[PDB]
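Next up, structure tokens for two forms of one chain, structure 1 and then structure 2.
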Structure 1
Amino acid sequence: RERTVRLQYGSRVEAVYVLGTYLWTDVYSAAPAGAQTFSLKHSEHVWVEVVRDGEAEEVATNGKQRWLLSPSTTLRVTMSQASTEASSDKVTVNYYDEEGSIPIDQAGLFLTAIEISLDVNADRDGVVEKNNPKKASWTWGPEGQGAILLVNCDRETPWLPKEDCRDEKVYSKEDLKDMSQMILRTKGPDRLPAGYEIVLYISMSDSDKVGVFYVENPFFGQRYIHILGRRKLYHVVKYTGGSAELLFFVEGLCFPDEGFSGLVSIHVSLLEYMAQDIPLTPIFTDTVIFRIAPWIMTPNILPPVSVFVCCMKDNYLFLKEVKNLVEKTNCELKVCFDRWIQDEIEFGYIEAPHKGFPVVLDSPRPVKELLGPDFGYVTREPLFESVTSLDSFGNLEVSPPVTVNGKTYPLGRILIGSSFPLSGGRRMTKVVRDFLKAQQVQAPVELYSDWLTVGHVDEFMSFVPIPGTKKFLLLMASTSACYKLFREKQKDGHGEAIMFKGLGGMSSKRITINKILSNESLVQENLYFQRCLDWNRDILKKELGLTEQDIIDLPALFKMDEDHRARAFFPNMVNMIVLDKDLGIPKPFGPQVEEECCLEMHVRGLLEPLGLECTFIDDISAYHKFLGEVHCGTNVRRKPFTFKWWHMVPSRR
């Protein structure tokens, strides 16, 4: 960076020189009228070139050399080391007229060199390198560069209800571990010359996206000063001489969203005092950029950590069977004593090179009771648009990593259910959709859920890993598979086999395979629902790059309501608890053949050959009947992907 500093006619110029720049210096304007030639002297640590019409020539500390005065003959002035108290750094120019070799005038430039660098960890290793030349840019990918910031959305101490970033204060040094480091490094003499100050600042726009703290250690203990952030746009830095560092800690306050890309900037400037009533002149400015880390969902293929379960205290079979299942694994079971754990919350995570933690997304209106140390919270509330069943998080899921026609999605793709574009049907609120899209690294896909009364993708589809491989299966509800199976059992002499055996509230109904197969309107409804499933099958195959070999169909059956929307006839087996090879599967209560449920045996026959272990879990017996509704919920918290989100290269927006 070249900077203009002119000698001044009949006076001496004093200037601060910032290392990493160089000066071009006009000596002509300061020459007396009628002066012919000039010479120069300079000190040891100042390098001086005389530049004539672009041609540069190095000059000694004291020579006698003279050059013709011309507007096109100038100096280039460079310094490679900061000034100390022992320094006198200067360039002096002598002027001469045509008569005589004694100078008729002198103009000079007295310099104080300092180093100023605002440094961050741009190379993403967790340590703050000195002046990364890429620190002012942010690039995606394995070779990409630039610093990363976490939204500090967890809560360090329980005393306050709100997340850490909702205020301007830091109470606890544990909070600093969530924050990115930024160091202002300087080198120079005991003080800045008269008329200069160093100032850190941010734009008004970024002031609700960040906060920046400095740690002081006064007499009675450590304290945390908020120097940039909400309603503080600048901070005058206290300068210390010699080689010095000021350590700052930076927190993000906001996730990327509609209208906010996630990028924020922080600046430091050296300012020069001109006079009262006149603005200070930025002499030098250094900038760093941060990208705020996106919220990321976890697919069923990722290792389970904790199984969260909600049910009534007296549903004993459910609790017993869920505990049994989890005991086969290394997971924690967490129980709360009705679908809210599935519908109101989605467990995501955030990650930066220095730290990461799980973060809950809260569905639009006691889930804020999950907020705690290294467990974060985020929510979006529609300001205008009304919430529908499609805003519930049974309608929010995510695929395993996929490659679709050469395009890699290393974090998978978010899936949310919707209605056809021209249908006038339900759709998840724009505010939530906009939020998921803005995270960018999960590239969301809309499926068709609005044929279902509740309207959730988890009613019809799920993913499971294939044990001992890197692969996975798509599981789809299928009415055609159910009808095929029941027609086979009927042919085999089982048509009088009864559904829902043991649910006392259903006994008067006596539902049999025969009764199901002879219900003509139910057949037509389910043919239509199969068309709805197949439409989804096609979009999943297209957008996930799946073939028929990647899909397994589980028998399912639905009843139609007055809106021509589907609800489960028997419990939907596809929405299941997936812990690696072990699957909690809702107990279907299907027709008994030889004292085994034919739906259970059929499902085992599909899954077991692949090394999957099935446990059927009964949530409905405590209610004595099944009306299409589920009274329990589970949500599995999983380990984050090994792949770092910042190594992705998302498509241009």
Structure 2
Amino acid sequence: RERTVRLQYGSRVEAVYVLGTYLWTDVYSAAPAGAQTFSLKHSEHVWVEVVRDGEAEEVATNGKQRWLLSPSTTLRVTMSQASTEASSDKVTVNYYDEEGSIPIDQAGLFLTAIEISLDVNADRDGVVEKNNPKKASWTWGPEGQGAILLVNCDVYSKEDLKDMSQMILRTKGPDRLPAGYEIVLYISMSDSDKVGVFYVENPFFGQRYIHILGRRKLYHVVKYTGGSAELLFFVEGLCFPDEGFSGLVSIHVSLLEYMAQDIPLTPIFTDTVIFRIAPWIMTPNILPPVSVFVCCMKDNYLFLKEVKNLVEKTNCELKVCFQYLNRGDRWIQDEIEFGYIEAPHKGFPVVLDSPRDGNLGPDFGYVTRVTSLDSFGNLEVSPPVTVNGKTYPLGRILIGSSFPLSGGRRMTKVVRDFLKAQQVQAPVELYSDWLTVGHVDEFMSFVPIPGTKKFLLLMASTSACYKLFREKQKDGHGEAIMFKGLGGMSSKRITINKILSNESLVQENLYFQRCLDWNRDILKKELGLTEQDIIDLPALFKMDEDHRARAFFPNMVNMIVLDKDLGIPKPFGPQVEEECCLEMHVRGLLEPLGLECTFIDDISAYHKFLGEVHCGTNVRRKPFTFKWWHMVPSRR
């Protein structure tokens, strides 16, 4: 970077030189009128070139060489090392008229060289490298660079800042800046609600870290210490990317020169680092489970025993939560979503919370904020996929919606915008609005195929249920009763025959199968799936006044997936030879693939099933091995 510094007519100019730049110096303006030629001397650590009309020649420390004074003949001044107290760094120019060889005047330039660099870990190894050339930009991908910031999801201490990103101002120079200079760190007003920066202002009084840049604070004067010095700063993001915010923020340091009272200080030198705030990322069912969170009323005993029995088959831990006055029966599933953030140095799980009425341990970050489509039961994410050559290494988020011209329900714009702005999960809208409750988790899920890197999409299917019931009826099982053991269902005496003879229910369910198939098609298209990747599980629905579906028997597709082990809601289907024909059919689909099924009874405690489930579960999983910053998202 070339910088303009002029000799001043009949006077000495003193200037700070910042390493990494060089000066072009006009010597012609300072020349007395009538002067013909000039000569120059310079000190040991200043390099001087005479540049005439583009041709540059190096000049010795003390020569007698003379050049013609011309506007197009200038100096180029370079220094390779910072000044110390033993430096006298200078360039002196003498001027001659046509008569004598004795100088008629002279103009000097006295320099103080310092190194100033604002450093960040832009190469993403967790360590702050010296002056990364790319630190002022942010690029995606394996070869991409630029520094990463975590949102802080919780006078300050040193230990409390462990989760933040380091930024170090490295300097080198003599004992003091020359008179009239100061060093200032600053951010834009716009970024002031995106970021915060801490540092110890008075280190001789302690380690106390104070907040010097952020809301209401746009600049901070930093104190210069001579010799080689580093000032350590810690930087936090205040918010995730969103509709109006790309995720990118900038921090600047400038050397400012005092001009005079009432006049602004001049930015002699400025160094800039850029940060991207790490996006919130969701974990699909194929990722290794860590903890299983469940919520149920205190007395649903079968549910708790059977869930505990399931988790004990695995290496997961169980966390049991009970119901709250301000939260729904399903709140652990509907009001909470487990996701994570990651920076090169650190990452942690981060929970999104949307309490029904408003307001899990210290290891978590917590992000807290309308129709039923706003619930997190309506939010899923696929395993990693490749679609038409385009890879989605973190998978794609799935959100239930209604047809564009339908005038039906849709997730709120704020949440939709938030998910889109994370960019790395490239969300897809499905059609959930044919369901009374309206959640994609009522009709679909994903399971890994054990012993491989592959996965299956599981889809609810009414056609599968009707085919099975018609077979069993043909086999002479038409009188087989459902809901055995639910006393509140008994007076209904629902059998396979009674179900198959109900004409309006048949038509309702043909319609719901169209709804499911429309989703099947979008899923195959947007996830790059074929029919080989999909298994259909029998389901059945009843229609409400709005022509929307609610489960006739518990939806088995919404299941706890812990690797090979699947907790599947107990369907209470018709009993053939003292086994539920629905459980037996599902085992026959899944077990040959190495998946182990355990049916979990969440409804017996209520004596009947009206289409609503009173328990919920959510699984916290390990993050992807693939680093998000290695992705190359499409330009938005």
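Take the two forms, superpose them, and find the largest set of C-alpha atoms that agree within 1.5 Å; that set is the rigid core. Along the sequence of structure 1, residues get numbers from 1 upward.
Peer 1: If you fit the rigid core between the two structures, which of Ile552, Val215, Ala136, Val431 ends up with a C-alpha shift of 2 Å or more?
Peer 2: With the rigid core superposed, the residue that stands out is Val215.
Peer 1: If the two forms are fitted on the core, does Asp175 show a Cα displacement reaching 2 angstroms between the two structures?
Peer 2: Yes, its C-alpha moves 2 Å or more.
Peer 1: Fitting the two forms on their rigid core, what distance in Å separates the Cα positions of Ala566 between the two structures?
Peer 2: A shift of 0.3 Å at the C-alpha.
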